[PDB]
Amino acid sequence: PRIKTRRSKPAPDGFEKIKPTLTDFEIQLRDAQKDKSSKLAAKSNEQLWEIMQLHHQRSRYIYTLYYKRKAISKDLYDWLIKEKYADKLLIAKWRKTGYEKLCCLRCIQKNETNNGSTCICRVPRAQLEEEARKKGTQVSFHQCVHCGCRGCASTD
RNA sequence: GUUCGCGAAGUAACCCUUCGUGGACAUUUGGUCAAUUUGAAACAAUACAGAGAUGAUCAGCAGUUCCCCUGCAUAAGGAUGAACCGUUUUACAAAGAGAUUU
Ligand SMILES: [K+]
Ligand SMILES: [K+]
Ligand SMILES: [K+]
Ligand SMILES: [Zn+2]
Ligand SMILES: [Zn+2]
Ligand SMILES: [Zn+2]
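To convert, note that position 146 of the first sequence is 147 in PDB author numbering; the numbers rise steadily by one, no gaps.
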């Protein structure tokens, strides 16, 4: 979230009920962002994957509060969005059929992949398994490179 | 996951609720690249020596080169940037004379 300044309106009614959870997310992100001297490239990437996961989880929590549980008012939701507590573009994808579990927006940026495809993590696990067993090899896909997503198709 | 349709249970019957089941939506990331000795950076350090044309001290500007360095550079600078300094035999014939040989 963005720093509090004269531009910031007071947190709407109900913020204090959710604030402890948002503070735990903040603490986790505050530690993940640190420099940890990871020697290996693989571990280095996995440390950015933790940040992408935490960002997703915080937005997912707020999304569940507003759209699924109706536990917060629209004024609070709009404030959380304005204050960058939740990613509105990612929540916008979660509201669309077939994207209800999208890990991140980067995994659907077709323009940035070599083949113009989405990230492999969008493919339903059943289709990868069928292709692999037909081919006679195990499923080689484990975690995608942009974020450590292991599969985010709505069916999985 | 969502949603459209169907079976079913719950309810007096709808709404609603769950179990089952068909369709729709969403569909292949990344690497020319592994993490200290063995696939390659260099300066420096110790020693000696102390810059071409000079009897002596020097300004230089070039050229040739499968040597380049600094610089944005087609400028300029780098000892006149450096190297240059050695080694060198046959398109080999003609005319004539005096000695050698059968
Ligand atoms: K001298
Ligand atoms: K000179
Ligand atoms: K010069
Ligand atoms: Zn994903
Ligand atoms: Zn992703
Ligand atoms: Zn992905």
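Note that CB positions come from ideal geometry on N, CA and C, so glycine has one too.
Counting the other CB atoms within 10 Å of its CB gives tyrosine 68 a total below 16, which places it among the exposed residues. The three-state reading of DSSP puts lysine 89 in helix, counting H, G and I together. The closest heavy atom of ligand 5 lies 6 Å or more from the beta carbon of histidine 57. The C-beta distance from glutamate 130 to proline 2 rounds to 40 Å, too long to meet the 8 Å contact threshold. In this structure, DSSP gives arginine 7 a state outside helix and strand, which the three-state scheme calls coil. Around the Cβ of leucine 66, a 10 Å sphere holds 16 or more other Cβ atoms; the residue is buried.
Per DSSP, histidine 57 is one residue of the alpha helix (DSSP H) stretching across 42 to 64. According to the DSSP assignment, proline 125 belongs to no alpha helix (DSSP H), since it is labelled neither H nor E.
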